[PDB]
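Beneath this line is the structure, given in C-alpha cells, with notes to follow.
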Amino acid sequence: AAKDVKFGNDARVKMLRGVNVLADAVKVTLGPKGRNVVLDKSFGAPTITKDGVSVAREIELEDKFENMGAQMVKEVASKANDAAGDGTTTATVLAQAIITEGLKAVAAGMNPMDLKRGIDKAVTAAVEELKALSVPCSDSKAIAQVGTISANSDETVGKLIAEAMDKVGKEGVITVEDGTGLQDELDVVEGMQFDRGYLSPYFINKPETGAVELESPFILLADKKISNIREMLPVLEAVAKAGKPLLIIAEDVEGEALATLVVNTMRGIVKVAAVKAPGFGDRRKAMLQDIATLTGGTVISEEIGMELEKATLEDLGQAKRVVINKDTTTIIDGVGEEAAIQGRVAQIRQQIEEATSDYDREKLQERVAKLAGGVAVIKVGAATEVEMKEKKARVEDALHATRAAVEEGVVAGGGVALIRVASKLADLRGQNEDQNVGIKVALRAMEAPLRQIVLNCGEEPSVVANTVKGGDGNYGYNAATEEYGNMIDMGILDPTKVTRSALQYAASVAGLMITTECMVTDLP
Amino acid sequence: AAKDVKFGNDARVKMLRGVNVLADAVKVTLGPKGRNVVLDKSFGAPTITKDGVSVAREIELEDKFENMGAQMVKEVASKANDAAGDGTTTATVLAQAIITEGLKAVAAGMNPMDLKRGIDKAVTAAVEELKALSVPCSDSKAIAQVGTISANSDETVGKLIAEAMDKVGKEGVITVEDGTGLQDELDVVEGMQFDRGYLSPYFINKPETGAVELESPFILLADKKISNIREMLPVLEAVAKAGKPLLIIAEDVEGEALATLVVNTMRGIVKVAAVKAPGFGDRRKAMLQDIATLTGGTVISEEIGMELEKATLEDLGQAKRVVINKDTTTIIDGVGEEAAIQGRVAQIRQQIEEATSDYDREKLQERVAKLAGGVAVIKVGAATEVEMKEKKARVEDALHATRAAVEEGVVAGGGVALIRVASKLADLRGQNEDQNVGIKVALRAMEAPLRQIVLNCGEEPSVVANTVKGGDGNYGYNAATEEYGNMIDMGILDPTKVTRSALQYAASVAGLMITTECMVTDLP
Amino acid sequence: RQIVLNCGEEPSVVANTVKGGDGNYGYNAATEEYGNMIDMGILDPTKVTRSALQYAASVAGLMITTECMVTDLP
Ligand SMILES: Nc1ncnc2c1ncn2[C@@H]1O[C@H](COP(=O)(O)OP(=O)(O)O)[C@@H](O)[C@H]1O
Ligand SMILES: Nc1ncnc2c1ncn2[C@@H]1O[C@H](COP(=O)(O)OP(=O)(O)O)[C@@H](O)[C@H]1O
Ligand SMILES: [Mg+2]
Ligand SMILES: [Mg+2]
C-alpha cells in the first residue's frame, strides 16, 4: 500500500517511544517487590502475569512507527524465552538500556556501526567472564535455591523440584500439570509407563483396585492388527502349557480375538491382558523396539519376516510385574540385559543431539527417561483457575531455571553478576573512539537490571548500585529483606545460562536498532 | 489489535470502578431484606434473580479497563457457585471488601505481594477456626433450618427437603423440576426405575391403569438386538413350562420377535413384557450389569460367549414385582443377594472418587442411588413461569446447602461466624509490617457480609456490627425480625462449606488484583 | 450526624451513643469526647433551635406544594 518514510532522528525518536512503552510494562515485573501485569484476553477472564515474555507478546502499539520499535524488542523476550525459559524480563531491561544510551551516542555523532562493533566486542568478553565466575550447581541445596528464586521466593516450589530431580535422575523428565487440589503434589513413576488402557473390562482380576495385575508375565509384541485367533494358536498353546500369565501388545485386536481371550481368562485356561500400542507411525514402531529391549524380547513384524504363527516362547520378553488401568499401562522391572538397554539408550540419546524439532526432542527425552530414570508430574495447586495459571508459570520457570543451573552452573543473582563482569572489563578498549564509546554503553547497561530491581522495591537505584559496585565478589542487595550481604549465602542464585542468554540476545537486537537510518511503514 | 496500556493508580482506579459496578448489583441481593435483580434476556421475558452468580455472569461493563476488573471478580461468584451451590453473593461481597481496603494499603505504599502473603496467611488460619466452630448437622430440624435459610426464609421448601433427604437416604439423590401445579409436591421412587417404555401397547394387562404389571417374574438381560424368535425358542419353552411371567431386556426387539411375543401373551401361552435398555454405550452395559446384580441374574452377551440359545432358567434373575408405563420402567424388590449388591455398590462408589467429569459423577450418583436408596424429584409450584424460575433457583440453592450441611456441619449464620473467627485471629501476625497490614485487611473484610445484610435491612451496619462483635458465641442479629439473639436457636444456620469456600475463593481472586501494576487492553 | 461526619468520626455510632444516652450526654467534636453538654459548655439558645426547625419546615412545606415556577428565559 502507500508507505510513509521517516528519516534520521524523527524515525529514531518514534522507534524509541515504542521500545519504551513495551519495556515499561515488562519492567514492573522485575525482582521480588515486582508487581503483576494483567493481560485482557478477548474470550475468557483476564490473565494476571509476572512473566515478561507473555506481556511482551500481547502489546502491539497503535502508532505504526512506534509499533515497529515494540515488535523488534519483542524478539529479545521471545528468543530468551525459547533458549532458556527464564530471563525474559532481564533481557528486555538490558535491551532498553543499551538502545537508550546507544541512541544518545548516535545523537552525539558516533558512527552507529562502530558502536555496534564495540557493543558486540564487550558482549563477547563479558560472556567469557561470566563463565569464569560460574560455580557448578549439583547439590540439592543449590537446586532448591535456584527453584525458589525462579518461583518469586516460593520455597515449596523449590524443594518440590529438588526432590523430583532427586528421584527422576538426570535422564528423568519433570512435568507441570493443573493440580487436583489446593495443595501441590509430586507423582514420580519409574519403569515403562504409557497412556493406553485395557481393551475390555473383563480382564479385571483386581476389581477392588479397578484394574488388572499380572505376576511374572511373558510379553508379546506384534506389528499390525491381530485379525484372528487363527494366527494366535501355537503361541497360545505354548504359553498355556508353560503356565505363566501373558501381556498382548499389538496395534489393534479384532472382535474374534478379543472375545476368545475373554473366554480363556474368565474360565481360567490362560491369564492374559491385552493393550494397544502407544502413538502412531515410526515413533510407535520405535517405542515398541524400546519396550522389547526393556522386556528382553523380540518384536514380531512382517518387515523382519516373522509370522505370528512361527513365534516360540524364546521370542517373548518378560517382566517381574505388569499393572494396567482404563487410561494407563505400566511395567515393573524387565528381564532385558542392562548393557543392551544402555546401547539402545545411547542410540536414542545420539538422535537427541540431531533433533531439529524441539517438540520432537522432548518426545525423544521421554523415550530415554522411560528406558532409564523416571517421569514425574508436578500437580499445581490453586483455589481458582486464575491463581492456577500464575501458579503454573512460576513452577514452569523454576523447572527451566533448575535445568539450566545443572547444565551451566550458577552465578550471583540480583544483577550482581553483571555488575561484577563490567568491573572486570573496564580497560577492554576498541580500535576506534566510537568502538570505545560502544564498549562503555554496554558496560553501563549491565548495571540496569540491578537498578530496576531496587527501583521496584522503592529503594533509590543509584545509591544501592554504588554500594554494590564498591563491594567485591558476591556482595549484593537482598531486595526482599532490603539488606546487603553475600548473594550465594543469602540464596539469591540464578543460572549462568539465563544471565548469558539475556546479555547475548539483548545486545544483538539492540545493536541493529541503533544503526537504523530510515523507517518505512504503511500509511495510517 | 492496537493495545492501550495504563499504569499504576490510573489502572487500579479503573480496575476498582469495574469491581464496584458488578459488586453493587450482587450486593442488593444479600440477606432476607435483600431485593431481586432483573436480567434482560434478548429473546423471551426478563429474568428476575436473587442469585448473585446469575447477576455476575450477565454484567459486562462497556469501558475496556473497567470490564477487565468486572470479569476478574466474576470468577469468585462462579467458582463458589461450582464448588458449593450457595455463597455466591457472600463471596463477591468479601472479595469487594478485601480489594477496596487492600488498594488503600497499596496507596499507603505497602508492598502488594507482602499484603497478598498476609491475606493468604489470615485466610488459612480462619479456615482452621471455622472447622473448630463447625457443629455437625444430621438432625432433621437442622436440615430444615438450613433449607429454609437457603430458600430466603421459605419454610415449605426446607421441610420438603428434610422429608425427601429422610426417605431417599444418604445415597439417594433429590432433584428439582418444573411443577404441574400451584402447590409444591415430592415424588420418591425406591427400587430400580429407568426412563424406557413398553415396546408395544398389546402387553397391557391393566388397561384401567394404562400399563403392564407382572407378578414374581423372571428377568432376561441380553446384549445387542433380538433378531428372531429362532434365538429365543429354548428359553421360551423353558419359561412357559415353568409357568412364571417374564420381562425381556435387550437393546432392541425385531418385528418377528415382537409380533410373536404379542401372539403368545394375547392368546395366553406365556405372560411376557418387553422393554428397551437405558442410555447408550458403556453406561448402558454397566447399568445392565447393575440391573442383573439387583435381580440376581446373569447378563447374556457375546463378550462372555453366551449364546441366547444356550441360556437356562438358572441364568435368569428374578424380582417380586415389575411395573411398566409408556415412558417409565420400574422394578420392585430383587432376588439378588445383599452382600453382592454392596460389593457392586462399593465398586461404583470408588469410581465416584475418581470422577473428573462432574456431569458424569452425577450419573454415577444415580447408579448408586438406584441400587441402594431412592431418587426423589421436587415439583416446583408457581402460578407463572417467571415465578417458576425464581422458585426453582431457591429450591436448588436449598438442596445444595442441605447437602453441604450434612457433609461439613453448620456454623452461625448472618456473617456472625466470620466476625467470631476474626476476633479469635486478632493476634495472628506476619514476618513483616506489610504482612501484618494484609492480615488486618482480611480481618476487617470478614465483617463486610454482616454489615451488608444489615444495610439491606435499612439498619445502620456500624451500630449492629459493634453490638454483635461485643456479644459472644452465637449472639447475632436476626435481620428478618430485626432482633438480636442466639443465631443457631433462632434457626439462622448456614453450612461451614459455603462459609469456608466463600472466604478462600474471595481471598485468592482479591490477592492477585491488589498486586496488579499495569493493565493491557484492546483500543476502544 | 453532619457535625460528627465533618470531624471524621462515624455518624451512626455517635448518633446511637447520644440517642441511647440521657439528657445532655453528647459528643464534643473538638475534644473528640462524649460528656454532659451543658457542663462541657456546648450551650445553644432554645430560640436558635426552635427557630431553625420552624423556618426549615416552612420552606419544606412551600417546597412540597409548589406546582408552578415562572422565570425569565435564559
Ligand atoms: N530476593 C531477591 N533479592 C535480590 N534479587 C533477587 C531476589 N529474587 C530474585 N532476584 C533476582 O531478580 C531477578 C529475577 O527477576 P524475575 O522477576 O524472576 O524475572 P526475569 O528473571 O525474567 O528477569 C533475578 O536476577 C533474581 O536473581
Ligand atoms: N433471617 C436472617 N437473619 C440473619 N441472617 C440471615 C437471615 N437469613 C439469611 N441470613 C444470612 O444471609 C446470608 C444469606 O445470603 P443470600 O441472600 O442467601 O445469598 P448468598 O448466601 O449467596 O450470599 C447468609 O449468611 C444467611 O445465614
Ligand atoms: Mg524469572
Ligand atoms: Mg444463598
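Think of each number as a place in line: the chain as shown, counted from 1.
How was it done? The header gives electron microscopy, 3.4 Å.
Yeah, the Cβs are placed from backbone N, Cα and C, and that goes for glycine too.
In summary, of the candidate residues B:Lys326, B:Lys363, B:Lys389, B:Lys469, the record from Swiss-Prot lists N6-succinyllysine for B:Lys389, whereas the others have no such entry there.
Per Swiss-Prot, the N6-succinyllysine annotation among the candidates B:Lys241, B:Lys276, B:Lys424 falls on B:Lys276.
Cross-referencing B:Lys50, B:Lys64, B:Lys167, B:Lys285 with Swiss-Prot, the residue annotated as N6-succinyllysine turns out to be B:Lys50. Record check of B:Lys33, B:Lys310 in Swiss-Prot: the feature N6-succinyllysine is attached to B:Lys33. Per Swiss-Prot, the annotated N6-succinyllysine among residues B:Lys41, B:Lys74, B:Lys320 corresponds to B:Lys320. In Swiss-Prot, the entry for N6-acetyllysine among B:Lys116, B:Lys392 corresponds to B:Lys116. According to its DSSP assignment, B:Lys33 (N6-succinyllysine) is coil. Here the Cα atom of B:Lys116 (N6-acetyllysine) is found 22 Å from that of B:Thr89 (ATP binding site).
Of all the modified residues listed (B:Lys33, B:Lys116), B:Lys33 has the fewest other CB atoms within 10 A of its CB. Sequence-distant contacts of B:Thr89 (ATP binding site), defined as residues of its own chain at least six apart whose C-beta falls under 8 angstroms from its C-beta, comprise B:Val26, B:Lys27, B:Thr29, B:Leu30, B:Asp51, B:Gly52, B:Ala77.
Counting in whole angstrom, B:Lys276 (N6-succinyllysine) lies 42 from B:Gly87 (ATP binding site) by their C-alpha atoms.
Taking a C-beta cut-off of under 8 Å and a sequence gap of six or more, B:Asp494 (ATP binding site) has these contacts in its own chain: B:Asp86, B:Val146, B:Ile149, B:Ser150, B:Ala401, B:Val410, B:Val411, B:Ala412, B:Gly413, B:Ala417. Taking Cβ-Cβ distances under 8 Å and a sequence gap of 6 or more within the same chain, the neighbours of B:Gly414 (ATP binding site) are B:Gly31, B:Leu450, B:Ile453, B:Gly476, B:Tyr477, B:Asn478, B:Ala479, B:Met487, B:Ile492.
The 6 Å Cβ screen around ligand 2 retains B:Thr89 from the recorded positions B:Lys33, B:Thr89, B:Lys116, B:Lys276, B:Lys389, ordered by sequence position.
A straight line from the CA of B:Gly87 (ATP binding site) to the CA of B:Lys33 (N6-succinyllysine) spans 17 Å.
Taking the Cα atom of each, B:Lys50 (ATP binding site) and B:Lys320 (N6-succinyllysine) are about 48 angstrom apart. B:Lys320 (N6-succinyllysine) and B:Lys33 (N6-succinyllysine) have their C-alpha atoms 53 Å apart, to the nearest angstrom. On the backbone, the CA of B:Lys389 (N6-succinyllysine) and the CA of B:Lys33 (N6-succinyllysine) stand 20 Å apart.
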